[PDB]
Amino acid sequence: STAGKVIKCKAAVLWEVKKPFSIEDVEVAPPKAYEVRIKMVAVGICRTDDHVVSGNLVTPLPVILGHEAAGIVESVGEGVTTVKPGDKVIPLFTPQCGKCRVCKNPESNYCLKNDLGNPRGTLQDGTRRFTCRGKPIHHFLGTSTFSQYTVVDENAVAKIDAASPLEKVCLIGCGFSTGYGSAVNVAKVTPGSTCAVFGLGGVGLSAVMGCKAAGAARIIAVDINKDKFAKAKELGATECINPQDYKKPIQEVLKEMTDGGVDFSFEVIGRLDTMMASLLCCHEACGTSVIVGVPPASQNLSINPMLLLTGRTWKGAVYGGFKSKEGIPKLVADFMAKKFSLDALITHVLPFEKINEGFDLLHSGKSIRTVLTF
């Protein structure tokens, strides 16, 4: 019925920054060659989506955000070999074209086909598939999952287990993968090591889970919102610190707690002051600091190079180091194999139409993750 036909549906369109989303009628064009048109089922709210709402992450507007989600293949374009209609899928905010220098490198995952470096708000072919009131609307990270239907490039979609509960598994689309992989793939936490995690939201907590799985002996959870400590400990944090209870700077408080500093620290928030704190609290001779939080546009850090000369390793990564099209699937399988659980991360489930309410909860600090359902 719908195949090859333009689908009219509802989607949350952002026309301006610091404005609410508009649940409007938009026309979703049919998938071109090597493209897949997905029917969304569950979409989780990531702070990155909010970054555009706040102006911290610039991207052409009007836009349809969303990138953390799960859905079903409504139809595919010509040349599509990986997914067929009906297949359960997870759109990847970072592609794996498999042909660029990066994709060919065994330890890189930031494919050259991404729309993060220099945002165009289009699909890999430079064009858009969304329209609304005679106006073309921009995509976001080539996923735009805040819509009942969306078109994505084949190399940016991954087929998952047919029995996968799309309402939970949508987190593996971003939050869980990013945090967990940051600990296991990027930092490469060693068994018996000491770790520190700044920020305890959806991504932060999965970093706790990742350090735990890696065998970290001590995991120090850091957050100004005390309410997150309950979950942090439950997921594996050995202790919880709130920077506000101290008269002393956090990195100092941390170094005196761990005999000179932690082995691995992760900044999962997105502030310069906290990224400075994470670099400073990891032992000057053998510590590794992993930046996970997305920094506000055009801001810099002033660092003394002596901080690295002694032996510190400072790195960062997108998507927790997982090569998208391969990693996400295998992750779902592990979830199926009951290797881990995403239940503690989902605190609120709202109907798509109340997306604006979902962003409110994120700003009030009442929710870890909120899953908008279709």
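One-based numbering along the sequence shown.
A.B. asks: Check the entry's C-alpha temperature factors for 193-201 and 277-285, then say which stretch has the higher mean.
C.D. replies: Per the PDB entry, the higher value belongs to 193-201.
A.B. asks: Mean C-alpha B-factor higher for 158-166, or for 232-240?
C.D. replies: Higher mean C-alpha B-factor: 158-166.
A.B. asks: Just to confirm, going by the entry's C-alpha B-factors, which of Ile328, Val26, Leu65, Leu61 comes out highest?
C.D. replies: That would be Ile328.
A.B. asks: Going by the recorded CA B-factors, say which third of the chain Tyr319 sits in, lowest, middle or highest.
C.D. replies: Middle third of the chain for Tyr319's C-alpha B-factor.
A.B. asks: Mind checking which third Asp49 falls in for C-alpha B-factor across the chain?
C.D. replies: Tercile = lowest for this residue's CA B-factor.
A.B. asks: Considering only modelled residues of the same chain, in which third does the CA B-factor of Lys226 rank: lowest, middle or highest?
C.D. replies: For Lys226, whose C-alpha B-factor we compare with every modelled residue in the chain, the answer is the highest third.
A.B. asks: Against its chain's modelled residues, does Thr145's Cα B factor rank lowest, middle or highest third?
C.D. replies: CA B-factor rank for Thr145: lowest third.
A.B. asks: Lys255: which third of its chain by C-alpha temperature factor?
C.D. replies: Lowest third.
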